[PDB]
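What follows is a pair of forms of the same protein chain, given separately as structure tokens and numbered structure 1 and structure 2.
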Structure 1
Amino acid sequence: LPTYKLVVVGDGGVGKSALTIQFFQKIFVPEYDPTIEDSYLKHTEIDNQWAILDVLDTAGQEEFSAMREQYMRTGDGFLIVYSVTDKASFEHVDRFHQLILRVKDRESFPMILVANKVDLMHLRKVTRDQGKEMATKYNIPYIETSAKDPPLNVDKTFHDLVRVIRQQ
């Protein structure tokens, strides 16, 4: 019974924990801020095939973390998340991409570029074409999400990484 180790990375504040908790626990809690990384594990059915999804919500803190390096090293696919209301997080997407391809020592590896917080329409600084242009440049899928209820593409984001892994 296959296990897909997934890693969520991206700048501080982009929604990594929000997206993750929305996926597993089906909730949005504005006040929830975990300082340290959490992992999560659930059976899940993607296109009629069950899998265990084993997901790390990375915490981007400066200190060394044993768990985090394990997941980075053994991970099957990454979600690279930025926030559409934080232009810096989008500029810093290159850091993450580059980081993932070194740890893995590969030319490509299963990733999705995740443009989050698209409910905050009046604060949107990164446009849809900008994000798609950048997806294209790395040749990886682009998806827009919102962890907030009712969420958008949160389930699809996770299943789509699995899909990417599977059909690779």
Structure 2
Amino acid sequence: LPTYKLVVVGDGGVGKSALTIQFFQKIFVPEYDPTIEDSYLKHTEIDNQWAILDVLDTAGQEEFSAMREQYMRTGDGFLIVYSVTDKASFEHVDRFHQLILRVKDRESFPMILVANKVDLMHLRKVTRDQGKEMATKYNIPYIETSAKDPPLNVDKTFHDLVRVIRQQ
């Protein structure tokens, strides 16, 4: 029974917590309450293989911290989340990508690029093409999500990260 530490990272307000709570509790949280650090555990069967998921929902910090060093070191896989309505959050994907690899001292590491809030079509500023161009640059999977009901790709996103970790 393996444990996967899945770490959800990204700029403030991109929907890290909403995605995590949608995954665990199947509810959309409309409030924006900034996270310090929250941990969610589940014993679950994915692709006929039981696992413990230890999901770490992180703070929306841009600057580096000891907290971030700790979770970048221990994480077994990362969701790098941006909001399609927030261009800066997308630009900053490179910073997260760079730091994870530097902390791990590796050329690659399990991660998925998550383009969140795609339900907000009238506010969307980062296109699917832009997202795919970024994911292709890093040779990592790209997925579009929405935490709002009805949710889009939320289970798939977390399960796909587990699949990437297992398919190493």
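When a residue number appears, read it as a position in the sequence of structure 1, where counting begins at 1. We call the rigid core whatever largest set of C-alpha positions still superposes within 1.5 Å between the two forms.
Any idea which of 127, 70, 108, 39 has its C-alpha shifted 2 Å or more between structure 1 and structure 2 with the rigid core fixed? The residue that shifts is 70.
With both forms fitted on the core, check whether the Cα of residue 61 differs by 2 Å or more between structure 1 and structure 2. Yes, because once the rigid core is superposed, the C-alpha of residue 61 moves 2 Å or more between structure 1 and structure 2.
Could the core-superposed CA displacement of residue 81 between structure 1 and structure 2 be given in angstrom, to one decimal? For residue 81, the alpha-carbon shift amounts to 0.2 Å.
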